[PDB]
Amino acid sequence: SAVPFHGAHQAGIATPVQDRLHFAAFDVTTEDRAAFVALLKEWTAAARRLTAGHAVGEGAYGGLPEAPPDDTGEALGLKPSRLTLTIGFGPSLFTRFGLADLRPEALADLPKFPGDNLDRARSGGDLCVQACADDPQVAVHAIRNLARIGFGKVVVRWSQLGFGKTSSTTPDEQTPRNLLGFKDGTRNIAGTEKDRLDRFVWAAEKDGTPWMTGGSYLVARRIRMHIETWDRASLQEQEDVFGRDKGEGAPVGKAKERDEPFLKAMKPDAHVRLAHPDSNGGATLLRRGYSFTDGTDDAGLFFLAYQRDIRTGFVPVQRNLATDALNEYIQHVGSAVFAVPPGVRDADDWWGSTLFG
């Protein structure tokens, strides 16, 4: 039930995609670099307990009566639930703590895209923590407790619950469905495809930023779906939009979900035809997003993409989506990029240790 926390890479990327998400972007509120480093170490200690299904610190109760408990207690009695906790550093972090010269070139600000309506209050962030688990209360508890530990040093800028995955790093397993009712994750990158991960996802030292070796770069997009209009489109219109049929999820002219697509059989504005690596000079992403619902005017896809360089991953693919037929039914309304550092190597290592030293 538990995913190993330590490794050369952070878990929660190549890892099998868990059912639920709680994602939080944080802003830094302290200018004390030593104190922020202390926080990262204590966060890392908490993450080891959390991902093993243990309460933070000395637990949720049984401590001194006059002291606040170490763990807030809402995960008591639940399982590890394949919890992973993945940290990332936004561009804005590098204006602090004398970090300016360490900002990676691969951590490029995104260009404006046609159709954007980005809510600034739900965009950006000095850092992020991605909490993925099969039990949403386990994920929320992890974020909440990290936020508690960080009180006075960081604040939650924005946060997003994903009630169900729309992604896959395990192609042999059942591909999940997004809120448009289509299988989502058929052609991605598998946790077992080490060469493809090395090529498309993990930063290498020779790329230009040594502290980011073994790390990756994350693009988050909050994408609202126009559900009411989509639901009144014909089945054929829906299928034409993607280039795959709805039930089986097979490409046009093929019999099975996993049959390779023949792209020119799709509409010239079909999503898959436009997003496929062949249409983008070989550019390839590890998508790891989740569906959301957030009351009313309000639901969609909290899109997440990992790549070795934002400039050669998300940016050219999204640009090619300018004529996507899907555009009629979606709108990007939030955005953030993060440099996701390499893994916590052992019990003495700590999140951000390669960046801070």
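Just count from 1 along the sequence shown to find any residue number.
- Unmodelled stretch separating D297 from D298: 4 to 9 residues (count of deposited-sequence residues without coordinates).
- Here 247-255 and 100-108 are compared by their mean Cα B-factor, and 100-108 comes out higher.
- Per-stretch averaging of Cα B factors for 301-309 and 56-64 places 56-64 on top.
- Looking at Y217, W211, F163, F242, the one whose CA carries the top B-factor in the deposited record is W211.
- The entry lists C-alpha B-factors for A233, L179, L285, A275, and the highest of these is at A233.
- When the CA B factors of the chain's modelled residues are split into thirds, the value for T29 lands in the highest one.
- Sort the modelled residues of the chain by CA B factor and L50 lands in the lowest third.
- In the PDB entry, a CA B factor belonging to the middle third of its chain's modelled residues is recorded for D70.
- When the CA B factors of the chain's modelled residues are split into thirds, the value for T170 lands in the middle one.
- Split the chain's modelled residues into thirds by C-alpha temperature factor. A11 is in the lowest one.
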